[PDB]
>>> print(open('target.txt').read())   # compact mmCIF, C-alpha atoms and all ligand atoms
# COMPACT_ATOMS: atom_id res chain seq x y z
CA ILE A 1 -9.00 58.23 -37.86
CA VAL A 2 -7.01 60.60 -40.08
CA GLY A 3 -8.78 62.22 -43.03
CA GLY A 4 -12.16 60.74 -42.17
CA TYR A 5 -15.54 62.28 -41.43
CA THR A 6 -17.97 62.48 -38.52
CA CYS A 7 -19.93 59.23 -38.78
CA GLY A 8 -23.10 60.58 -37.24
CA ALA A 9 -24.61 59.54 -33.90
CA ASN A 10 -25.06 55.77 -33.68
CA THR A 11 -24.66 55.21 -37.44
CA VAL A 12 -22.18 52.41 -36.65
CA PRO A 13 -24.23 50.47 -34.03
CA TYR A 14 -21.69 47.65 -33.61
CA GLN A 15 -18.82 49.97 -32.59
CA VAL A 16 -17.78 49.80 -28.93
CA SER A 17 -15.33 51.75 -26.75
CA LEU A 18 -13.12 49.87 -24.28
CA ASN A 19 -12.81 51.96 -21.11
CA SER A 20 -10.49 51.60 -18.10
CA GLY A 21 -11.09 55.05 -16.65
CA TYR A 22 -10.68 56.45 -20.17
CA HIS A 23 -11.14 55.22 -23.76
CA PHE A 24 -8.12 53.21 -24.91
CA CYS A 25 -9.30 50.95 -27.76
CA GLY A 26 -12.27 50.23 -29.98
CA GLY A 27 -14.10 46.94 -30.45
CA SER A 28 -16.94 45.18 -32.25
CA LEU A 29 -20.13 43.63 -30.88
CA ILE A 30 -20.64 40.20 -32.46
CA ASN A 31 -23.59 39.16 -30.29
CA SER A 32 -25.35 40.15 -27.08
CA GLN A 33 -22.61 38.69 -24.87
CA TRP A 34 -19.40 39.03 -26.89
CA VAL A 35 -17.08 41.71 -28.24
CA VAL A 36 -14.07 41.24 -30.53
CA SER A 37 -11.04 43.54 -30.27
CA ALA A 38 -7.26 43.45 -30.72
CA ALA A 39 -5.01 41.30 -28.54
CA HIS A 40 -2.59 44.19 -27.98
CA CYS A 41 -5.54 46.06 -26.47
CA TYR A 42 -5.61 43.56 -23.62
CA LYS A 43 -5.81 45.03 -20.14
CA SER A 44 -7.54 44.00 -16.92
CA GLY A 45 -10.53 45.88 -15.54
CA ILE A 46 -12.17 46.51 -18.92
CA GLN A 47 -15.59 48.16 -19.06
CA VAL A 48 -17.31 47.93 -22.45
CA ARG A 49 -19.21 51.04 -23.55
CA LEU A 50 -21.92 50.47 -26.15
CA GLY A 51 -24.20 52.92 -27.98
CA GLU A 52 -21.58 55.65 -27.86
CA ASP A 53 -20.96 58.69 -30.05
CA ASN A 54 -19.48 61.51 -27.96
CA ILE A 55 -17.46 59.58 -25.39
CA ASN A 56 -17.38 62.53 -22.96
CA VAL A 57 -21.09 63.29 -22.69
CA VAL A 58 -23.88 60.99 -21.52
CA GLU A 59 -26.29 61.32 -24.44
CA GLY A 60 -28.81 58.65 -23.45
CA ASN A 61 -28.22 55.61 -25.65
CA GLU A 62 -25.18 54.23 -23.86
CA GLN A 63 -24.89 50.87 -22.10
CA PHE A 64 -21.90 50.38 -19.76
CA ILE A 65 -21.06 46.72 -19.12
CA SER A 66 -18.11 45.18 -17.31
CA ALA A 67 -16.13 42.38 -18.93
CA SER A 68 -16.37 39.07 -17.08
CA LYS A 69 -13.74 37.32 -19.17
CA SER A 70 -11.05 38.13 -21.74
CA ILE A 71 -9.46 35.63 -24.10
CA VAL A 72 -6.37 36.58 -26.07
CA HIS A 73 -5.72 34.37 -29.08
CA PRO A 74 -3.60 31.27 -28.18
CA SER A 75 -0.95 32.16 -30.77
CA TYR A 76 -0.79 35.93 -30.27
CA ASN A 77 2.77 37.25 -30.64
CA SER A 78 3.25 40.75 -29.21
CA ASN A 79 6.58 41.11 -31.05
CA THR A 80 5.19 40.89 -34.59
CA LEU A 81 1.51 41.21 -33.69
CA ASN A 82 0.63 38.01 -35.55
CA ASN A 83 -2.83 36.77 -34.46
CA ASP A 84 -3.70 40.14 -32.95
CA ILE A 85 -7.23 39.28 -31.88
CA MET A 86 -9.08 38.86 -28.60
CA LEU A 87 -12.61 38.06 -27.41
CA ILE A 88 -14.31 39.74 -24.45
CA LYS A 89 -17.40 38.33 -22.73
CA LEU A 90 -19.82 40.73 -21.03
CA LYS A 91 -20.98 40.21 -17.43
CA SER A 92 -24.57 40.66 -18.56
CA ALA A 93 -25.96 40.43 -22.09
CA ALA A 94 -26.38 43.78 -23.82
CA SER A 95 -29.82 45.02 -24.92
CA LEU A 96 -29.92 45.06 -28.70
CA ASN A 97 -31.76 47.89 -30.43
CA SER A 98 -31.53 50.38 -33.29
CA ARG A 99 -28.46 52.02 -31.75
CA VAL A 100 -26.75 48.92 -30.34
CA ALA A 101 -26.44 46.05 -32.82
CA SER A 102 -24.06 43.22 -33.65
CA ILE A 103 -21.96 42.88 -36.81
CA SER A 104 -21.88 39.62 -38.80
CA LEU A 105 -18.77 37.45 -39.03
CA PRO A 106 -17.48 36.62 -42.55
CA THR A 107 -18.29 33.44 -44.48
CA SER A 108 -15.32 33.94 -46.81
CA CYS A 109 -12.47 36.45 -47.08
CA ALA A 110 -12.65 39.70 -49.05
CA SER A 111 -10.73 40.41 -52.24
CA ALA A 112 -8.45 43.38 -52.89
CA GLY A 113 -10.39 46.34 -54.25
CA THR A 114 -13.33 45.83 -51.90
CA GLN A 115 -14.45 48.99 -50.09
CA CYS A 116 -14.56 48.93 -46.28
CA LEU A 117 -15.70 51.18 -43.44
CA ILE A 118 -13.23 51.84 -40.62
CA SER A 119 -14.30 53.72 -37.49
CA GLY A 120 -12.84 54.92 -34.21
CA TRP A 121 -12.14 57.71 -31.69
CA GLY A 122 -8.42 57.74 -32.43
CA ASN A 123 -6.00 60.57 -33.21
CA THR A 124 -7.11 62.62 -36.23
CA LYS A 125 -3.77 64.32 -36.94
CA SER A 126 -1.07 63.04 -39.29
CA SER A 127 1.73 65.14 -37.78
CA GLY A 128 0.55 66.02 -34.29
CA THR A 129 -2.08 65.11 -31.72
CA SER A 130 -5.83 65.73 -31.53
CA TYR A 131 -8.44 63.34 -30.16
CA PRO A 132 -12.11 63.67 -31.18
CA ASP A 133 -14.98 63.09 -28.79
CA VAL A 134 -17.29 61.90 -31.56
CA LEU A 135 -16.89 58.76 -33.67
CA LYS A 136 -15.01 59.28 -36.92
CA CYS A 137 -15.52 57.28 -40.11
CA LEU A 138 -13.33 56.37 -43.07
CA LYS A 139 -14.04 54.46 -46.30
CA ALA A 140 -10.97 52.67 -47.63
CA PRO A 141 -10.19 49.79 -50.00
CA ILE A 142 -8.35 46.54 -49.36
CA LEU A 143 -4.92 46.65 -50.98
CA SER A 144 -3.27 43.59 -52.52
CA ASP A 145 -0.55 41.98 -50.39
CA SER A 146 1.97 42.45 -53.18
CA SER A 147 1.36 46.18 -53.57
CA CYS A 148 1.36 46.63 -49.80
CA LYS A 149 4.65 44.81 -49.13
CA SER A 150 6.27 46.36 -52.17
CA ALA A 151 5.42 49.91 -51.12
CA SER A 152 5.97 49.65 -47.35
CA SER A 153 8.59 46.92 -46.85
CA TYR A 154 6.27 45.72 -44.08
CA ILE A 155 6.58 42.18 -42.79
CA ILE A 156 3.00 40.94 -43.14
CA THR A 157 1.70 37.45 -42.37
CA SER A 158 -1.18 35.54 -43.90
CA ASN A 159 -3.25 36.67 -40.90
CA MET A 160 -2.99 40.34 -41.85
CA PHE A 161 -4.12 42.49 -44.77
CA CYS A 162 -3.52 46.14 -45.61
CA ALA A 163 -6.15 48.77 -46.34
CA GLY A 164 -5.87 52.43 -47.20
CA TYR A 165 -4.31 54.69 -49.80
CA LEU A 166 -0.64 54.56 -50.77
CA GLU A 167 -0.74 58.31 -51.38
CA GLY A 168 -1.33 58.69 -47.64
CA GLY A 169 -3.59 61.27 -46.03
CA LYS A 170 -6.22 58.76 -44.89
CA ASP A 171 -5.62 56.00 -42.33
CA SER A 172 -6.53 54.60 -38.92
CA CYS A 173 -4.35 55.81 -36.05
CA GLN A 174 -3.56 55.65 -32.32
CA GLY A 175 -6.74 55.04 -30.35
CA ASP A 176 -8.48 53.24 -33.22
CA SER A 177 -6.81 49.88 -32.39
CA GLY A 178 -9.26 47.03 -31.94
CA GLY A 179 -11.82 48.83 -34.07
CA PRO A 180 -13.88 47.30 -36.92
CA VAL A 181 -13.18 47.13 -40.64
CA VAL A 182 -16.53 46.32 -42.21
CA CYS A 183 -16.79 45.36 -45.87
CA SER A 184 -20.00 44.24 -47.59
CA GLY A 185 -21.82 43.89 -44.27
CA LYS A 186 -19.21 41.60 -42.69
CA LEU A 187 -16.50 42.16 -40.06
CA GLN A 188 -13.36 41.54 -42.12
CA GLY A 189 -10.76 43.37 -40.04
CA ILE A 190 -9.59 44.65 -36.67
CA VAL A 191 -7.41 47.79 -36.56
CA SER A 192 -3.99 46.36 -35.61
CA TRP A 193 -0.94 48.48 -36.45
CA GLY A 194 0.93 50.65 -38.92
CA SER A 195 3.86 53.07 -39.25
CA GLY A 196 2.86 56.50 -38.01
CA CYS A 197 -0.46 57.61 -39.49
CA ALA A 198 -1.60 58.53 -42.99
CA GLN A 199 2.00 58.41 -44.25
CA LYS A 200 2.84 57.92 -47.92
CA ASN A 201 3.44 54.24 -48.77
CA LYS A 202 2.59 53.26 -45.21
CA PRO A 203 -1.00 51.92 -45.17
CA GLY A 204 -2.75 50.49 -42.12
CA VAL A 205 -2.37 46.82 -41.21
CA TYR A 206 -5.39 44.84 -40.04
CA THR A 207 -6.10 41.45 -38.48
CA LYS A 208 -7.65 39.15 -41.14
CA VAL A 209 -10.81 38.06 -39.31
CA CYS A 210 -11.92 35.53 -41.95
CA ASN A 211 -9.05 33.31 -40.70
CA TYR A 212 -10.43 33.19 -37.13
CA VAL A 213 -14.14 32.48 -37.51
CA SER A 214 -13.81 28.83 -36.45
CA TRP A 215 -11.85 29.78 -33.33
CA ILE A 216 -14.33 32.54 -32.53
CA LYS A 217 -17.39 30.33 -32.95
CA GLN A 218 -15.82 27.47 -31.00
CA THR A 219 -14.68 29.77 -28.19
CA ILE A 220 -18.09 31.42 -27.72
CA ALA A 221 -19.91 28.07 -27.78
CA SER A 222 -17.73 26.74 -24.97
CA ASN A 223 -17.58 29.87 -22.80
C1 LIG B 301 3.76 54.12 -35.31
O1 LIG B 301 3.39 54.61 -33.97
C2 LIG B 301 2.20 54.24 -33.28
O2 LIG B 301 1.90 54.67 -32.14
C3 LIG B 301 1.22 53.23 -34.01
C4 LIG B 301 -0.13 53.93 -34.24
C5 LIG B 301 -1.13 53.18 -35.09
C6 LIG B 301 -2.00 52.24 -34.47
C7 LIG B 301 -2.95 51.51 -35.24
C8 LIG B 301 -3.03 51.72 -36.63
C9 LIG B 301 -2.16 52.68 -37.31
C10 LIG B 301 -2.23 52.89 -38.68
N1 LIG B 301 -1.41 53.68 -39.36
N2 LIG B 301 -3.14 52.35 -39.48
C11 LIG B 301 -1.21 53.40 -36.49
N3 LIG B 301 0.95 51.94 -33.29
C12 LIG B 301 1.15 50.72 -33.83
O3 LIG B 301 1.42 50.54 -35.01
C13 LIG B 301 1.01 49.51 -32.90
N4 LIG B 301 2.06 49.36 -31.86
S1 LIG B 301 3.72 49.33 -32.27
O4 LIG B 301 4.05 50.77 -32.89
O5 LIG B 301 4.39 49.06 -30.86
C14 LIG B 301 4.11 48.00 -33.33
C15 LIG B 301 3.95 48.09 -34.76
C16 LIG B 301 4.30 46.96 -35.56
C17 LIG B 301 4.80 45.76 -34.94
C18 LIG B 301 5.18 44.55 -35.75
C19 LIG B 301 4.95 45.70 -33.53
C20 LIG B 301 4.61 46.81 -32.72
CA CA B 302 -21.64 59.21 -24.59
>>> encode(input="target.txt", output="structure tokens", more="lines below")
Ligand SMILES: COC(=O)[C@H](Cc1cccc(C(=N)N)c1)NC(=O)CNS(=O)(=O)c1ccc(C)cc1
Ligand SMILES: [Ca+2]
Amino acid sequence: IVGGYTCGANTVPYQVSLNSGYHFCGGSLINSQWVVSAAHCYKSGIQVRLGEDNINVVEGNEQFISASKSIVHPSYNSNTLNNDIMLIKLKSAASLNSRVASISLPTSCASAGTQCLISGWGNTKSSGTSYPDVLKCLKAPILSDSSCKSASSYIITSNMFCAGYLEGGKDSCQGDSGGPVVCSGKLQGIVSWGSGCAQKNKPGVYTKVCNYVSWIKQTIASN
């Protein structure tokens, strides 16, 4: 997260860290047995880390659970990143509490202008490299497709939406991928991609979760 602020220990209870010997992507807890993340974050040997704040110090509220199954979206395209979403099932159900909670799936999509909360342990520098150990937060609005495409020349599909500030300075970044974009209490986005970080006229691109609720619900019911 570039230009954000220290969230505060466990203030984003649904945020998870995907670990394969080190943190490599974020994710969202949607229930006691399932996590949603980005398809390009797929890797084998994933261990889900819940209740985290400082990812380098055991603080006492963490729950480390291995993934028993990973399901990348059937139409995921790594070339354009269309349908960049994936579900991960935990080997054992997580214990829900004040510091480990699930986030609700959307009933309908969100309109441009809506404010959202984006969080992650990604790079905090715009022109350099610096990774935080504590979770960083960032409030940003949903931009209209027209203003996004016009300003960035990005090739965006109906399964993506842009969020951020065209003036740059604030944006998600490397290491934040797979993380949540929560607006009005619902999980509306998954950090997907972008061009550099916090660049002028280059806002972040997110997976439009409202378009996948049926697939998500169906997949968890049958798995
Ligand atoms: C540009 O260089 C990168 O390393 C970015 C970082 C990044 C990741 C997530 C969000 C942001 C952001 N600014 N909000 C930035 N990664 C990527 O963007 C993802 N991998 S990528 O750079 O390989 C890529 C990008 C776009 C397509 C169609 C295909 C592949
Ligand atoms: Ca920790």
>>> residues_around(input="target.txt", residues="residue 11 in chain A", least_positions_apart="2", cutoff="10 Å", atoms="only C-alpha atoms", output="PyMOL selection string")
chain A and resi 6-9+13-15+51+53+98-100+135+137
>>> residues_near_point(input="target.txt", point="(-22.5, 44.7, -33.1)", cutoff="6 Å", atoms="only C-alpha atoms", output="PyMOL selection string")
chain A and resi 14+28-30+101-103
>>> closest_atom_pairs(input="target.txt", of="range 93-163 of chain A", to="range 208-217 of chain A", cutoff="7 Å", atoms="all atoms listed in the file", output="tab-separated table")
residue	atom	partner	partner_atom	distance
A:105	CA	A:213	CA	7.0
A:106	CA	A:210	CA	5.7
A:108	CA	A:210	CA	6.1
A:109	CA	A:210	CA	5.2
A:159	CA	A:208	CA	5.1
A:160	CA	A:208	CA	4.9
A:161	CA	A:208	CA	6.1
>>> atom_distance(input="target.txt", atom1="atom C6 of ligand LIG 301 (chain B)", atom2="CA of residue 146 in chain A")
21.5 Å
>>> atom_distance(input="target.txt", atom1="CA of residue 2 in chain A", atom2="CA of residue 171 in chain A")
5.3 Å
>>> residues_around(input="target.txt", residues="residue 54 in chain A", least_positions_apart="4", cutoff="9 Å", atoms="only C-alpha atoms", output="list in words")
residues 9, 58, 59, 132, 133, 134 and 135 of chain A
>>> write_last_selection(input="target.txt", atoms="C-alpha atoms", output="short mmCIF file (atom, residue, chain, number, x, y, z; two decimals), in the frame of the given file")
data_model
loop_
_atom_site.label_atom_id
_atom_site.label_comp_id
_atom_site.auth_asym_id
_atom_site.auth_seq_id
_atom_site.Cartn_x
_atom_site.Cartn_y
_atom_site.Cartn_z
CA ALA A 9 -24.61 59.54 -33.90
CA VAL A 58 -23.88 60.99 -21.52
CA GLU A 59 -26.29 61.32 -24.44
CA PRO A 132 -12.11 63.67 -31.18
CA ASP A 133 -14.98 63.09 -28.79
CA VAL A 134 -17.29 61.90 -31.56
CA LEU A 135 -16.89 58.76 -33.67
#
>>> atom_distance(input="target.txt", atom1="CA of residue 140 in chain A", atom2="CA of residue 125 in chain A")
17.4 Å
>>> residues_around(input="target.txt", residues="residue 43 in chain A", least_positions_apart="3", cutoff="9 Å", atoms="all atoms listed in the file", output="JSON, numbers by chain")
{"A": [20, 40, 46, 70]}
>>> write_last_selection(input="target.txt", atoms="C-alpha atoms", output="compact mmCIF listing (two decimals), keeping the file's coordinate frame")
# COMPACT_ATOMS: atom_id res chain seq x y z
CA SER A 20 -10.49 51.60 -18.10
CA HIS A 40 -2.59 44.19 -27.98
CA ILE A 46 -12.17 46.51 -18.92
CA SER A 70 -11.05 38.13 -21.74
>>> closest_residue(input="target.txt", among="A:92, A:130, A:61, A:144", to="residue 34 in chain A", atoms="only C-alpha atoms")
A:92
>>> closest_residue(input="target.txt", among="A:72, A:155, A:197, A:93", to="ligand LIG 301 (chain B)", atoms="all atoms listed in the file")
A:197
>>> residues_around(input="target.txt", residues="range 172-189 of chain A", least_positions_apart="4", cutoff="7 Å", atoms="all atoms listed in the file", output="count of residues only")
31
>>> closest_residue(input="target.txt", among="A:150, A:79, A:68, A:47", to="ligand LIG 301 (chain B)", atoms="all atoms listed in the file")
A:79
>>> closest_residue(input="target.txt", among="A:82, A:75, A:89, A:4", to="residue 219 in chain A", atoms="all atoms listed in the file")
A:89
>>> residues_around(input="target.txt", residues="residue 154 in chain A", least_positions_apart="3", cutoff="9 Å", atoms="all atoms listed in the file", output="list in words")
residues 148, 149, 150, 151, 194 and 202 of chain A
>>> write_last_selection(input="target.txt", atoms="C-alpha atoms", output="CSV table (one decimal), in the coordinates of the input")
chain,number,residue,atom,x,y,z
A,148,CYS,CA,1.4,46.6,-49.8
A,149,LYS,CA,4.6,44.8,-49.1
A,150,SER,CA,6.3,46.4,-52.2
A,151,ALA,CA,5.4,49.9,-51.1
A,194,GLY,CA,0.9,50.6,-38.9
A,202,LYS,CA,2.6,53.3,-45.2
>>> closest_residue(input="target.txt", among="A:10, A:200, A:39, A:19", to="residue 81 in chain A", atoms="all atoms listed in the file")
A:39
>>> closest_residue(input="target.txt", among="A:163, A:136, A:223, A:76", to="residue 203 in chain A", atoms="all atoms listed in the file")
A:163
